[PDB]
Amino acid sequence: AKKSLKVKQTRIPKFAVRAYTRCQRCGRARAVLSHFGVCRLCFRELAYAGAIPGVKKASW
Amino acid sequence: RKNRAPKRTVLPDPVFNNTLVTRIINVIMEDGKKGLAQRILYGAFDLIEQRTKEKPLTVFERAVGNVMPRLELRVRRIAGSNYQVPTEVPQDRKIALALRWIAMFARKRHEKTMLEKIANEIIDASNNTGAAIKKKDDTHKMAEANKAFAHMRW
Amino acid sequence: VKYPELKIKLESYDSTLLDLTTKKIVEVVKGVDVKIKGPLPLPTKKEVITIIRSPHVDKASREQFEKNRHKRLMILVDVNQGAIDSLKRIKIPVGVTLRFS
Amino acid sequence: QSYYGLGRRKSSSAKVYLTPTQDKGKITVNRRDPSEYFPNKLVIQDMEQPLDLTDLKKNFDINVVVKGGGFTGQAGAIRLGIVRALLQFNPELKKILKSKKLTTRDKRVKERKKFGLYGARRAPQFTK
Amino acid sequence: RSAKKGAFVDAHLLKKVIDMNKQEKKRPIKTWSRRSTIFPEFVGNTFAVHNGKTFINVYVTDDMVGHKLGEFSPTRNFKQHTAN
Amino acid sequence: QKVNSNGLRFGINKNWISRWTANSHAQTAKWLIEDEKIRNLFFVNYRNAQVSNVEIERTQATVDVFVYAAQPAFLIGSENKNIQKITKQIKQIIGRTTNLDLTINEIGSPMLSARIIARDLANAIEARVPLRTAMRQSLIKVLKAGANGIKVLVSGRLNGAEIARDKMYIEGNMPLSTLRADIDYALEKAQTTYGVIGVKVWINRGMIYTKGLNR
Amino acid sequence: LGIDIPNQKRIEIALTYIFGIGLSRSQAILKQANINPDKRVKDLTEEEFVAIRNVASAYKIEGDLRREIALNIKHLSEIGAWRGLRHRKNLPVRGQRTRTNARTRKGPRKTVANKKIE
RNA sequence: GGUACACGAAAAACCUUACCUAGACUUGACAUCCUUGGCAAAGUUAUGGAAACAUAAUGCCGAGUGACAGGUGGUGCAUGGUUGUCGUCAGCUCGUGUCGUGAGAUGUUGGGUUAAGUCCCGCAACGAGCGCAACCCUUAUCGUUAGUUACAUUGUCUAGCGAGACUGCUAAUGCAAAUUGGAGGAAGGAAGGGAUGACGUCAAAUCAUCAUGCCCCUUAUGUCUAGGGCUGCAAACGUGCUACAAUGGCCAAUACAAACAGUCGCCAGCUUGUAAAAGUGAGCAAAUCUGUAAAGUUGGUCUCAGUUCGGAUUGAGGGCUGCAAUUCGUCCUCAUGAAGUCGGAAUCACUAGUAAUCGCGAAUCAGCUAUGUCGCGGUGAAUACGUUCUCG
């Protein structure tokens, strides 16, 4: 049932009261932060490759 | 199979210029911060000297020397009963146990500010009023009862 | 003289790229523009993020990642336009940005 | 006459100034009261003790400013800075300066916290 | 009533309550969105309010005129406090 | 359990495949969602040229694309038609008014990027070439270019339900823990009539040393 | 109020647990009618205590606030509503868990057999 | 059970929401192609309605045709990817060839020597590779760099580089690894930390990061809107989170900020509401403007107590964003002062910044009884005989 979330992204949320953050490919609506707009699993796995600008394995 | 690892402590406190006072401050340290404990122990020593009129440092060191422990245990069972092997414990743990016993028995009163009761407990432990001296006496007596279990190797 | 005081903030997400950009700009604006200070830096705002590893279980199973940042500053009391004229010949690597504050 | 060293402790930095004088020691930092700006510590009197094993404590008025940390943080920072300024006077007393952990910065900061570890090393308990 | 509004205009439920009051107070209608906060003049009605299965004729209680119709409608059915 | 130190290798020991700076924390998500489509389309559409990597920079809806390929001749094509198609496709995919400039550069030992290696290995697996001989073909593809030691794995399904039968190649110095190692790891999800198969390659661009900082 | 003339300690403590006056309002009452939180006082002069009770009844009267709170609970419970059904079950209405939380409402360690159905 | 207990989910009045009910959408709510064009798809207030939806007006371009369109529904023994157990272990794998009649062994093992297959030495052995260290950042002394809005009693400060520390030297003592002492250096014995999980391992978990062969429904597992439930509840366990209190409660003067956080967020500053906050009004896209640093210091009280601990629960009054705060958001002002006065097995973190403790900022956001969680900062202990019971 991903098309519900997809069209809800396309269909205008009548107000800001409809709070949900998603990605155009990611189906989950949780922890898809506005800083990168992608799933936590997606983000961590692609960050093992180090492709996001300024994202490296943290060492303080 | 951990080998011997050295113990660590901190620098003395100018009220006595001894490490025992600072270690008591460390043990009684609430809010995780040593300023309150330092104030508590300073007032404790003031109330020690104003009671019975005796110098706080010798009283405190006599307390920690008469609470002095001399043992640690290694448990082992034969078939359904567990007994003890008395083992020589490093002096660091000995002084640590003495100071921790002093600290714990110092605050076991609920009548006034903690200052008077910690001073009174330090006085009692120095004057051998049984709060932790009995523990040393019992350890010395049971050192003639657990060495029997230490002798045979089951 | 073009601007009474130009505040150029060099903001980047690596120390090496920011230093390279700083040296490049401070060496190319000299000779066509005067009265520019050297590599004056700013305290940074590097951050750390932590993102889980397992799909559903063990929220504690996470990997930590660094969002590094490094900043330099120039306060140009005297500015010449030619300073930017050559800036397109040694074009800045995209790891660093220049903010005109 | 005016010496200027550096001192750090626990994310705390200090800028120090000493000058050979004949004062009583001038125990004050940030040029304000030590009663409340300095909380109850052991450094509040151990600040100018490193002056004893060096240029006399009657010299080197303590003129220090602080930045960052906590009441013992900038305290250690300023103590290290004052002894660093002392180093500029007589390095040949360093035999009893580096040994007392004066010229030595403890290389110590609060351990970074980790996910799962809401403190530094503490973790959830396992009571039944 | 949002703990911050004693007399506020809802602008989308006042019409229905006014029209119902325009006879005597004729209560039953089909309005059950929880976006409609009651206020002064919203005194006495029955709405076909939703629980999750059916729209029972829930009476908007006159005891308080600020707490919304969602409160007044029983929209829960627990285990009826069983030991299971 | 199975991790390669490549996120820390890319970014503080090397660069990123898509690097760009910004001052806002909102358009970053939009840019990162938009550029991945361009990267994937350029990868899938051009495999005859074996496009090694594409660098994307995005600043204020300004998108610039750079391309590095193992066989850049197919990018241009005969009578320079494919180059025009690529230019127009990239110009249109980034926006009607978005600027675009591109240059063609090559890399030493061109077939050293794990992306094209895994893609061609999957193609060989599903291109009448048996699994052992496809493994050998991938090994030659990395080796004959001029690259260092090779790690090749193919996990998933053999058109069955067994998980205790497979083959895997390790040849040479591939430290999974050395940050300064210049290792490229890529995976391909190949759709077979019985499931999805993961073809993974770890290829050494060269045992790099004394170069541990970003360039 | 007007009962329980203070003894054995200061007045800021006595009125903390009488309806309509708590710790903060006891402190306010003490600061208002010159109750003098001195070294130690148990019973002040009896010329201000009449005014003390008068200004304590100025704050919502103990007997009055008892009825106010009881009637408010009843009215929020007598209605046919969700808050009423949460009231009659002795479970929190602010919105809380009643699985293992909501205690002193579910009793102190009132462990029962949690039957599991598969 | 280890190997699910503030998990996915880093926030529920509509969504988040994945469920249900109702109203609606129908080659379709999503869509493609198809024909073909050029000004409208968008959009508004009505209006019946809960809006869905039909609706009238309106402001480079979009549409009917049928193939089909979308799948978070599982099948994790179909799997990819993903991490975790042992365990970041103390070892591991592979070739050459030799030794066995084949299973197999060898080296790779063993004596010295480490966190390590760390190395030496000896041995059918020879080496190649993996795991711990290794570049990386993080860390400290000095020298040095540019210079404001820094410092200024200045190249301090910030962020940039280098030196420096590698048992380095000396004495022991071991052919070796590597240990001890003194001093230099700030930091000496893998100078503090980690990054990466060796062979496997649980067909562990993941069909749901995305999917995915399989089936599963398509004018209906597809879709809009409205609502409710995930925070129900006889209750249990786990974790944090308030406590069971004079280091604590109240009153009064009272310091140091930081990974640092911040553009409609930080909001300087002014006024008022004893309060949530309101009104006024900069600046700050941040070394600039905030973000107070707090605990801690100073003195006084409460002088011992279901308790000046604990506002549990509960309610009166407003406050907040939010269309709307009710189930399913919350804050204070105020009030009840329950239970609990250290808790049965069963336990936990720990080798110095550790336990312990206190503040601050942040993603989430319309909102938060996220108290979480993340991160930082501050203050600041013991123990560690030894694996003896012990498990790995």
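Residues numbered from 1 in each chain as written, not as in the entry; some residues may be left out. Chains lettered and ligands numbered in written order. Part of a larger assembly, values for the part shown. Heavy atoms only, no water.

- As recorded in the PDB header, cryo-EM is the method behind this entry, and the stated resolution is 15 Å.

- By the naming in the PDB entry, chain E is 30S ribosomal protein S19, taken from Mycoplasma pneumoniae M129.
- Per the PDB header, the title for this entry is "70S ribosome with EF-G, A*- and P/E-site tRNAs in pseudouridimycin-treated Mycoplasma pneumoniae cells".
- Annotation of chain E in UniProt includes, under Sequence similarities, the sentence "Belongs to the universal ribosomal protein uS19 family." (UniProt positions renumbered as here; feature names shortened; annotations may be inferred.)

- If you check the PDB entry, chain A appears there as 30S ribosomal protein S14 type Z from Mycoplasma pneumoniae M129.
- Looking at chain A in UniProt, the text filed under Function is "Binds 16S rRNA, required for the assembly of 30S particles and may also be responsible for determining the conformation of the 16S rRNA at the A site."
- Check the Sequence similarities section of the UniProt entry for chain A; it says "Belongs to the universal ribosomal protein uS14 family. Zinc-binding uS14 subfamily."

## Details of the overall build of chain A
Move 1: Within chain A, the secondary structure is distributed over two helices and one strand.
Move 2: Counted from the first residue to the last, chain A has its helices and strands arranged as α-α-β.
Move 3: Relative to the globule expectation of 10 Å for 60 residues, the C-alpha radius of gyration of chain A, 14 Å, shows a markedly less compact shape.
Move 4: Along the first, second and third principal axes, the C-alpha atoms of chain A reach 45 × 20 × 15 Å.
Move 5: Across the 60 residues that make up chain A, the buried fraction comes to 42%.
Move 6: Considering only residue pairs separated by 6 or more positions, chain A has 5% of its internal contacts joining residues 24 or more positions apart.
Move 7: Put simply, chain A shows about 3,500 Å² of open surface, and 60% of that area lies on carbon and sulfur atoms. (Helix = DSSP H or I, 4+ residues; strand = E, 2+ residues; numbered from the N terminus. Rg over C-alpha atoms; globule rule 2.2 N^0.38 Å. Buried < 20%, exposed > 50% of the residue type's maximum accessible area, 1.4 Å probe, protein only. Contact = heavy atoms within 4.5 Å. Areas by Shrake-Rupley, 256 points an atom, 1.4 Å probe, with all protein chains shown as cover.)

## Here we look at a nonpolar patch on the surface
Residues and elements named next belong to chain G.
Move 1: Where nonpolar side chains cluster on the molecular surface, the patch consists of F19, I69 and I73 and spans about 250 Å² of accessible area.
Move 2: Assignment of secondary structure puts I69 in helix α4 (residues 62-78).
Move 3: The class for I69 is partly exposed, based on a relative accessible area of 38%. (Patch = residues over 30% accessible without salt bridge, like charges linked within 9 Å, V, L, I, M, F, W, Y side chains within 5 Å. Salt bridge = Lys/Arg side-chain N within 4 Å of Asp/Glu carboxyl O.)

## A few points about the protein's contact with RNA strand H
Move 1: The full set close to RNA strand H counts 289 residues, and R40(A), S59(A), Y4(D), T37(E) and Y17(G) are the nearest of them.
Move 2: Per the 4 Å cut-off to the protein, sugar and phosphate atoms form 68% of the nearby atoms of RNA strand H.
Move 3: Take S2(D): an N or O atom from its side chain is 3.2 Å from a sugar or linking oxygen of RNA strand H.
Move 4: In this structure, a sugar or linking oxygen belonging to RNA strand H sits 2.4 Å away from a main-chain N or O atom of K53(E).
Move 5: Of the residues that constitute the surface near RNA strand H, the class distribution is 95 nonpolar, 85 polar and 109 charged. (Near = heavy atom within 4 Å. Polar contact = N/O pair within 3.5 Å; in protein donor to acceptor, adjacent residues only side chain to side chain. Nonpolar A, V, L, I, M, F, W, Y, C, P; charged D, E, K, R; others polar.)

## What about empty space enclosed by the protein?
Residues and elements named next belong to chain C.
Move 1: Under the counting rule described, the total for this entry stands at five cavities of 30 Å³ or more.
Move 2: Looking at the largest cavity, its volume works out to about 190 Å³.
Move 3: Lining the largest cavity are 16 residues, with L6, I8, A83, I84 and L87 positioned closest to its centre.
Move 4: Taken together, the elements giving at least two residues each to the lining of the largest cavity come down to β1 (6-12), β5 (70-76), α2 (82-85) and β6 (96-100). (1 Å grid on protein atoms, 1.4 Å probe; cavity = no way out; pocket = protein on both sides within 12 Å on 5 of 7 lines; lining within 4 Å. Points joined across faces, edges and corners; volume = space filled by probe spheres on them.)

## Some points on the arrangement of the chains
Move 1: If you rank the eight pairs of chains in contact by how many contacts each has, first place goes to chains A and F.
Move 2: The smallest C-alpha distance separating chain C from chain E is 28 Å, and no contact links them.

## Some words on the sheet that holds strand β4 (residues 62-67) of chain C
Move 1: The three strands lie next to each other as β1(A)-β4(C)-β3(C), forming an open sheet whose pairing is antiparallel. Looking at the sheet topology across the chains shown, the edges are occupied by β1 (55-57) of chain A together with β3 (47-52) of chain C. Looking at each pair of strands side by side, their axes are set apart by 35° on average, direction ignored.
Move 2: As judged from the six bridges shared by β3(C) and β4(C), these two strands associate in the antiparallel manner. Note on β4(C): the bridge partner recorded for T50(C) is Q64(C).
Move 3: On top of the sheet, helix α2 (residues 40-47) of chain A reaches β1 of chain A together with β3 and β4 of chain C; it is set at about 115° to β3(C), its chief contact. (Pairing = 2+ DSSP bridges. Axes fitted to C-alpha atoms, helices over the stretch in contact; angles between N-to-C directions.)

## Re the interface of chain B and chain D
Move 1: Taken together, the contact pairs seven residues of chain B with four residues of chain D.
Move 2: At the boundary of chain B with chain D, total buried surface from both sides reaches about 470 Å², with 58% on carbon and sulfur atoms.
Move 3: Where chain B touches chain D, the interface holds zero salt bridges.
Move 4: At the junction of chain B and chain D, the tally comes to one residue pair in polar contact. (Buried area = accessible area lost by both parts, 1.4 Å probe.)

## Overview of the UniProt feature "binding site: Zn(2+)" in chain A
Residues and elements named next belong to chain A.
Move 1: According to UniProt, the feature "binding site: Zn(2+)" maps to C23, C26, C39 and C42 in the numbering used here. Separation in sequence by 20 residues is not matched in space for these annotated residues, since their most distant C-alpha atoms are only 10.7 Å apart. The annotated residues named above include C39 as those lining the second largest cavity.
Move 2: The class of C23 is buried, set by a relative accessible area of 1%.
Move 3: Tracing the backbone shows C39 in the loop between α1 (2-10) and α2.
Move 4: For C39, a relative accessible area of 8% translates into the label buried.
Move 5: Setting aside residues up to four positions removed in sequence, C39 forms contacts with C26, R28 and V32.

## Overview of the packing of aromatic side chains
Move 1: With the rule as written, the count across this model stands at 19 aromatic pairs over all chains.
Move 2: Taking the centre distance of 6.1 Å and the plane angle of 50° together, the rings of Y48(A) and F65(C) count as tilted. One end of the pair, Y48(A), is in the loop between α2 and β1; the other, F65(C), is in strand β4, on a second chain.
Move 3: Taking relative accessible area as the criterion, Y48(A) reaches 13% and is therefore assigned buried. (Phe/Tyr/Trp six-rings, centres within 6.5 Å; stacked < 30°, edge-to-face > 60°.)

## Focus on the pattern of salt bridges
Move 1: Throughout the structure, instances matching the rule amount to 28 salt bridges over all chains.
Move 2: A salt bridge links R44(A) to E45(A); the shortest N-O distance between them is 3.7 Å.
Move 3: Residue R44(A) is classed as buried on the basis of its relative accessible area of 8%.
Move 4: The exposure class of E45(A) is partly exposed, given its relative accessible area of 43%.
Move 5: One salt bridge connects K14(F) with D182(F), and the closest N-O pair in it is separated by 3.6 Å. Within this pair, whereas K14(F) is found in the loop between α1 (9-12) and α2 (27-45), its partner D182(F) is found in the loop between β5 (168-171) and β6 (183-192), the two being separated by 168 residues in sequence. Summarising the burial analysis for this pair, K14(F) and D182(F) share the class buried.

## Topic: the interface of chain A and chain F
Move 1: In this assembly, 17 residues from chain A lie in contact with 21 residues from chain F.
Move 2: Buried surface at the junction of chain A and chain F, both sides included, amounts to about 1,500 Å², of which 64% is carbon and sulfur.
Move 3: In this structure, the connection of chain A to chain F is made through zero salt bridges.
Move 4: Seen at the junction of chain A and chain F, the total is three residue pairs in polar contact.

## Overview of a positive patch on the surface
Move 1: Among the surface-exposed residues, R8(B), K10(D), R108(D), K110(D), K113(D) and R121(D) lie close enough to one another that they form a single positively charged patch.
Move 2: Using a relative accessible area of 75% as the deciding quantity, one classes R8(B) as exposed. (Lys, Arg positive; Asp, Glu negative; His and termini not counted. Charge placed at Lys NZ, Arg CZ, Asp CG, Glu CD.)

## Quick word on the layout of surface pockets
Move 1: The computed volume of the second largest pocket comes to approximately 2,000 Å³.
Move 2: Around the second largest pocket, the lining comprises 43 residues; the ones closest to its centre are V10(B), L11(B), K34(B), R9(D) and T72(D).
Move 3: Those elements that provide at least two residues to the lining of the second largest pocket are α1 (19-27) and α2 (34-50) of chain B together with α1 (43-46) and α2 (73-87) of chain D.
Move 4: Tallied by class, the residues present in the lining of the second largest pocket amount to 13 nonpolar, 14 polar and 16 charged.

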